[PDB]
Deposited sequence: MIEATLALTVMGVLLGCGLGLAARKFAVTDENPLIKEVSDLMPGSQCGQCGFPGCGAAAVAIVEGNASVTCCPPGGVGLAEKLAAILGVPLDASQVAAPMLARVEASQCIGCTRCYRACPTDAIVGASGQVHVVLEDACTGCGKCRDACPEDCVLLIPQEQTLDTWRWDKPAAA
């Protein structure tokens, strides 16, 4: 019968063309594709200049060397804690950043 053969020629041609193109060249998921910081702290007594904090600090936060120099941090700290366990006397005192004038932002209006 010519019908089954004419609908098989289409089925083989439209498959071979797609296969050749692939070799050469869900609806829900498809549309998805288309559409407190802290800082360190060093007291005046727990630091004896054992230079361990500077030794373990990827950032240039702790400044100082030698002994009995009371090394202190800077604004570059990020609270990673690399200096916490480094200090044998536990001098690091990571604390939340305090609010100051330069870090003051306006508050959002309540509602309408």
#### Entry: Missing stretches, numbered from 1 on the deposited chain sequence and kept in order
1, 27-75, 86-97
